[PDB]
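Chains as they are written, first to last, in the UniProt record's numbering: chain E, 144 to 217, 228 to 352; chain U, 144 to 217, 228 to 352; chain H, 133 to 217, 228 to 354; chain X, 133 to 217, 228 to 354; chain P, 133 to 217, 228 to 354.
Idealized CB from N, CA, C, for every residue including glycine.
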Amino acid sequence: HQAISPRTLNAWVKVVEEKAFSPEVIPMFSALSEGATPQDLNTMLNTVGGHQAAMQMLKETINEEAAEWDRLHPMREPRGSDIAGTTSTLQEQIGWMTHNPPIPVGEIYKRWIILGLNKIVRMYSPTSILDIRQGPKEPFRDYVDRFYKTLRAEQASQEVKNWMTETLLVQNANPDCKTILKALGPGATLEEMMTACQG
Amino acid sequence: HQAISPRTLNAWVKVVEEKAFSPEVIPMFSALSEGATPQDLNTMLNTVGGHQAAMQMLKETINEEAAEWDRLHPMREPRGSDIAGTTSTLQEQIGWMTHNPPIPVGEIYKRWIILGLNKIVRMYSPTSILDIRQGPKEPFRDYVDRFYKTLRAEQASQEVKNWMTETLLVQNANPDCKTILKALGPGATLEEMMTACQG
Amino acid sequence: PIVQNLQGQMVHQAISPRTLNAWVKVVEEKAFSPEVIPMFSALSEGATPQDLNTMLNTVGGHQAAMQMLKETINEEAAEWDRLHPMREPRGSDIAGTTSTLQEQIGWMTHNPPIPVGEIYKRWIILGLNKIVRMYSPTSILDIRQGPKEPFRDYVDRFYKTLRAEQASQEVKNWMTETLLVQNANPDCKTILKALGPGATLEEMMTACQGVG
Amino acid sequence: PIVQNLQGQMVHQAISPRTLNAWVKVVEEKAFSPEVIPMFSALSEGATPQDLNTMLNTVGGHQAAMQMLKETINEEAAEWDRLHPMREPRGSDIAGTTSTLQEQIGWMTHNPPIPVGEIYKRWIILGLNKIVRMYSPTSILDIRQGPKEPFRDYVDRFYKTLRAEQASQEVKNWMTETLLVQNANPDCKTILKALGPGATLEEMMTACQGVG
Amino acid sequence: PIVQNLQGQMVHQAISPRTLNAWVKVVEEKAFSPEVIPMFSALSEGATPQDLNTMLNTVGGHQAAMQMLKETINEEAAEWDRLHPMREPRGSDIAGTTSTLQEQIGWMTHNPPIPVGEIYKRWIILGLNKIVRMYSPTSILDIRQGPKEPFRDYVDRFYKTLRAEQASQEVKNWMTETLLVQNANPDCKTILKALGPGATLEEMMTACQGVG
Numbered sequence: 144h145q146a147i148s149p150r151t152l153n154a155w156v157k158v159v160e161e162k163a164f165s166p167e168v169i170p171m172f173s174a175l176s177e178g179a180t181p182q183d184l185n186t187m188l189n190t191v192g193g194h195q196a197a198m199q200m201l202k203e204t205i206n207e208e209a210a211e212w213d214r215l216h217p228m229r230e231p232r233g234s235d236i237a238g239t240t241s242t243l244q245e246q247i248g249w250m251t252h253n254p255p256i257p258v259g260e261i262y263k264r265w266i267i268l269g270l271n272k273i274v275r276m277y278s279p280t281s282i283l284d285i286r287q288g289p290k291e292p293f294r295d296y297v298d299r300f301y302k303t304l305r306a307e308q309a310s311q312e313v314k315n316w317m318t319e320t321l322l323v324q325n326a327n328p329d330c331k332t333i334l335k336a337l338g339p340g341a342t343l344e345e346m347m348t349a350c351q352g
Numbered sequence: 144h145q146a147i148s149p150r151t152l153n154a155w156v157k158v159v160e161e162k163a164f165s166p167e168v169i170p171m172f173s174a175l176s177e178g179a180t181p182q183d184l185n186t187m188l189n190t191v192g193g194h195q196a197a198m199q200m201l202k203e204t205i206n207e208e209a210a211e212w213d214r215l216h217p228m229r230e231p232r233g234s235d236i237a238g239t240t241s242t243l244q245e246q247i248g249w250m251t252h253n254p255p256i257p258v259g260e261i262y263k264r265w266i267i268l269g270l271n272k273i274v275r276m277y278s279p280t281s282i283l284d285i286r287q288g289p290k291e292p293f294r295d296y297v298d299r300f301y302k303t304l305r306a307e308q309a310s311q312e313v314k315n316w317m318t319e320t321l322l323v324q325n326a327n328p329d330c331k332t333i334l335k336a337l338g339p340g341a342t343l344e345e346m347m348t349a350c351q352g
Numbered sequence: 133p134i135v136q137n138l139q140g141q142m143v144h145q146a147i148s149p150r151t152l153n154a155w156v157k158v159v160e161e162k163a164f165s166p167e168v169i170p171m172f173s174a175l176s177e178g179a180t181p182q183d184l185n186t187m188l189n190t191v192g193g194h195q196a197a198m199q200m201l202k203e204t205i206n207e208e209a210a211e212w213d214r215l216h217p228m229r230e231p232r233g234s235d236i237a238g239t240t241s242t243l244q245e246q247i248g249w250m251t252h253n254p255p256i257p258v259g260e261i262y263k264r265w266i267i268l269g270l271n272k273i274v275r276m277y278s279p280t281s282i283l284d285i286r287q288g289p290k291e292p293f294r295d296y297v298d299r300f301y302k303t304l305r306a307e308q309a310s311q312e313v314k315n316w317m318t319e320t321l322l323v324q325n326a327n328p329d330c331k332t333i334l335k336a337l338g339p340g341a342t343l344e345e346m347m348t349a350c351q352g353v354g
Numbered sequence: 133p134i135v136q137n138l139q140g141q142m143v144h145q146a147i148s149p150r151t152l153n154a155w156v157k158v159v160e161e162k163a164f165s166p167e168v169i170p171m172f173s174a175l176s177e178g179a180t181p182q183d184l185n186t187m188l189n190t191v192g193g194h195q196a197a198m199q200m201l202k203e204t205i206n207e208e209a210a211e212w213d214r215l216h217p228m229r230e231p232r233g234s235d236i237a238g239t240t241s242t243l244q245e246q247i248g249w250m251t252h253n254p255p256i257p258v259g260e261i262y263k264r265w266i267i268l269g270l271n272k273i274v275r276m277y278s279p280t281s282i283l284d285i286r287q288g289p290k291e292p293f294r295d296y297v298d299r300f301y302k303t304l305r306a307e308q309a310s311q312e313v314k315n316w317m318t319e320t321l322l323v324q325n326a327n328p329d330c331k332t333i334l335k336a337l338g339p340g341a342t343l344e345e346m347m348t349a350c351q352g353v354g
Numbered sequence: 133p134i135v136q137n138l139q140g141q142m143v144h145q146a147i148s149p150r151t152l153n154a155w156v157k158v159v160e161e162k163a164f165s166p167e168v169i170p171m172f173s174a175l176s177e178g179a180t181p182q183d184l185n186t187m188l189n190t191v192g193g194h195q196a197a198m199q200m201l202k203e204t205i206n207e208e209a210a211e212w213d214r215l216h217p228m229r230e231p232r233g234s235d236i237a238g239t240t241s242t243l244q245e246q247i248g249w250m251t252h253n254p255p256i257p258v259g260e261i262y263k264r265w266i267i268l269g270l271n272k273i274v275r276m277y278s279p280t281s282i283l284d285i286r287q288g289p290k291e292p293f294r295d296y297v298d299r300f301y302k303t304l305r306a307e308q309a310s311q312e313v314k315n316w317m318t319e320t321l322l323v324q325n326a327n328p329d330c331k332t333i334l335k336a337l338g339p340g341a342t343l344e345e346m347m348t349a350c351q352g353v354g
């Protein structure tokens, strides 16, 4: 076991505080927590000082997932609160990751954390993708940026997201760009749409 | 297998954030992602915040290149989406880069990403090279710097680049410098062209 | 119609009263729209010339329509007798005025079948097309999309009038390709012209959905 | 259809004239709404490929619809011949253009039955779904409840357009769950959002009754 | 349906295409009003479980309605299997999904007849009542006579909503006795209250005729 580096922890804390909760926080967390034990994940979550509402939301989601784990799961085989790192030693957490065959308590807990952060990101997104609409004078580039950030925060299935991508982007544009996007015809691509609507 | 470092990820995120999509981001990405797996490349692309129009265009370009790989190439072998890292697992990626000969899935995906990024740079060029014109009291050093920055962004063919460096550069200069550059005559390299124009 | 007996012999089956009532409702209520011709074809499936005459008796209330229908039937009978100089069916035998029902059953049951009923049916359909074109309320050049009219409804009106007016197939293809785009309203004609030449109707309708 | 003889042998029973008239009324008057597909399925129960072709002849008045219907039928026939290289039915035999009626009766009476009629029926229903989606007046994103519109009528319009637009089942489930609530009018959308996620349509309709 | 052969043996008679078209028109055009249940009962007279499933296939276009219909059918099948632990019909045999048509004919022809078709019919009618109550536009408390509305039309609306809402018989009797008088317009409610308690509907309609 190697301790979470001070630079890595400061990086995680700074991205959380500065970025608030944007969709990129999920991949940033996943990258910064490669190989992390539940103790290290708890360190990463507790070290954050701001957004205490969201940290409570994350703790509640972790508790729900742990309760479901205990419901489905009555060296000792870990329980939900054991996987969450609150009723386990760091040595026992090193166990089940060095076990043969290892049951990765760290990654299981990380999945729960990712679910909680998805819920948090969806809540923190300013508006729904069905509500994102181009302004009368907004450039198509800016409208596309807002649309796809919101779609990234949308949390729907991938097929639904594909349908959203192909339909809502054209549907929600202002009439000046909506006519051009229709003249582009169906089956267009974002490069062609954005070059056409640069004017 | 080694995961990409937090310092490297912070550097990539920061350079994207501050440079937007100036041409040097392509070589910066190529340098920072040396030895990267498809998972590492996906981490680098997903950790970026903002520029979501550009990131979607990159996704579409990657999907197109994956389709071309599927057309050209109809344990489990790598499909286009496998080289993209969307479907394949990290163990499959490691194995494909580990065979002798290996399938360098990291480099193939990197080439696709570089194609997408070149398209993004070409679209994010703030102004066309035809509109780069020297100011009334602008130094020729600054003017030609702007001209060649734009020319790097345009990514025209070498014949058009040679023609436009020879002709449009001197056409778009102010009269005071334009007279000097015309007196120099054709065939002047950039070194001679701008050293004769100092002051 | 004609139906095999219990022991297999073919015999005439009279056209039912409610089928005749359905044809009467088509003639009276539909005002000789283009849809009377599909309904005449459907209601008279298997009909012998006697049954077709029974149906035509209901058109006699419309004097001009019956008159031009009869004149078209006579002209097609003459065209038949030009090429065709029980007995062989005369032009007036196909029309079921000089013949008897048993000859009609025999002709319909010949090997190969002499499709006397279907021949008279096609003559009657020619006459009905003439009547429908006569009663058309507007020419195809007069159909123009309204400011708020959906493209689907305008296309429906355009193709209904196209069925009524009965131009040649080349002229019909040109009309659908060009005149449909020309008469559309400006907010929609912009998209139609943007789609360019060779635009199939599916592309035109999908692109123009909700433009009103 | 096919019906047993008096002595038990199966024989073709021609599709009745008034059933064809009913299908003609569906084609002409219904304007290719989503309800033409249930009515095509109902009116063509037991139909042989010859009967299905007889019904399809009435769609020929709509030139674009008939064209795309035929193209879909040909593509499905090719898909059949890909997997299937009296005789074994060819793709054009299922379509009832190269075959004869007796082969169709035999295939429908095989042990186990070769459901040639139902296969052609499903091909035709695919083509009809394509036509219905083409003729849809509005996309599902355009259905929005009015200020005084009852929630029942708005739900009816939403689900009619949902049948017309034919998204995938996952996308349809999402649309009913989310987009239905999104497009409702504010006085009603308040209650819809108050019901929370996982609200069945019965709860949404009972809660929203009389809110207009 | 089931019909005796020429020699007396019972055999399945397929539900006709136009009867299925009539049921399709009821499902599509009637919007699940209270009158769909009498029409389902009428159109499915003598229907076997296979015929009832054939009819239910047309409701599948309405996804929520079909879903709750199936759930009600399953719950009633479970209630049947609770009391009932060729073979004896299972709950899924009454639903015509695990059984075969011949067993259904045999059960319908037993001495005494096992009314499998009518049992499934009553289950389907329960589900249809649930759907009708779901789709009811207004509650019975919202029906109020207009200033100029005749008492006959208001009574018609009141009793239509009463059929839709499906309260218990005691509550229905109270509603007809009291709530009908309460919601009437003042010029008419004066006469209604003057008639006093125990006023039959005939007295209320005769007294209130022409009061608008």
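- Contact between residue 200 (chain U) and residue 188 (chain U) is absent: CB atoms are separated by about 12 angstroms, not below the 8 angstroms threshold.
- For the stretch 317-338 of chain E, the set of residues with a beta-carbon nearer than 7 angstroms to any beta-carbon of chain H comprises 332, 335, 336, 338, in chain order.
- For residue 265 (chain U), the CB contacts under 6 angstroms within the same chain, skipping 5 residues up- and downstream, are 205, 208 in chain order.
- If you draw a 10 Å sphere on the C-beta of residue 142 (chain H), you find fewer than 16 other C-beta atoms in it, and that means exposed.
- Burial check for residue 274 (chain P): the Cβ neighbour count within 10 Å reaches 16 or more, so the residue is buried.
- Residue 144 (chain X) is bridged by DSSP to X:134.
- Put simply, the CB of residue 352 (chain H) is near chain X, with a gap under 8 angstroms to one of its CB atoms.
- Legend: CB atoms of the stretch 303-316 of chain X lying less than 7 angstroms from CB atoms of chain E belong to residues 309, 310, 312, 313, 316.
- One finds 196, 276 in chain P with Cβ atoms closer than 8 angstroms to the Cβ of residue 343 (chain X), taken in chain order.
- Not flagged as an interface residue toward chain P: residue 163 (chain X), since no C-beta distance is shorter than 8 angstroms.
- Measuring C-alpha to C-alpha distances from residue 252 (chain U) to each of U:228, U:242, U:271, U:261 identifies U:228 as the nearest.
- Minimum Cα-Cα distance from residue 238 (chain P) among the listed residues P:254, P:186, P:175 corresponds to P:186.
- In its chain, beyond the 5 residues on either side, 232, 234 have a beta carbon closer than 8 angstroms to the beta carbon of residue 240 (chain E).
- The three-state reading of DSSP puts residue 295 (chain H) in helix, counting H, G and I together.
- DSSP, read as helix, strand or coil, puts residue 271 (chain E) in helix.
- Listed in chain order, the alpha helix (DSSP H) runs fully inside the stretch 170-204 of chain H are 181-191, counting runs of at least 4 residues.
- With respect to residue 146 (chain P), residue 288 (chain X) sits apart: the two C-beta atoms are not nearer than 8 angstroms.
- Secondary structure at residue 315 (chain U): helix, using DSSP grouped into helix, strand and coil.
- In this model, residue 175 (chain P) and residue 164 (chain P) are separated by some 15 angstroms (Cα to Cα).
- Interface flag for residue 188 (chain H) against chain X is unset, since no Cβ pair is found closer than 8 angstroms.
- No Cβ-Cβ contact shorter than 8 angstroms links residue 304 (chain E) with residue 321 (chain X).
- At a cut-off of 8 angstroms, the C-beta of residue 209 (chain H) has no neighbouring C-beta in chain E.
- The C-alpha of residue 328 (chain P) is placed about 26 angstroms away from the C-alpha of residue 290 (chain X).
- Identification of chain X residues near residue 283 (chain E) by a Cβ-Cβ cut-off of 9 angstroms yields 283, 320, 321, 324, 325, ordered along the chain.
- In the structure shown, residue 242 (chain U) adopts coil according to DSSP, grouped into three states.
- CA-CA distance, residue 167 (chain E) to residue 316 (chain U), rounds to 43 angstroms.
- Here the alpha carbon of residue 170 (chain E) sits roughly 36 angstroms from the alpha carbon of residue 299 (chain U).
- Between residue 268 (chain H) and chain X, the shortest Cβ-Cβ separation is not below 8 angstroms.
- The Cβ-Cβ distance between residue 346 (chain P) and residue 337 (chain P) falls below 8 angstroms.
- Contact with chain E is found for residue 149 (chain U), since one of that chain's Cβ atoms lies less than 8 angstroms from the residue's Cβ.
- Rounded to whole angstroms, the Cβ separation of residue 272 (chain H) and residue 184 (chain H) is 17 angstroms, and the two are not in contact under 8 angstroms.
- Any Cβ of chain X closer than 8 angstroms to the Cβ of residue 160 (chain H) would place that residue at the interface, and such an atom is absent.
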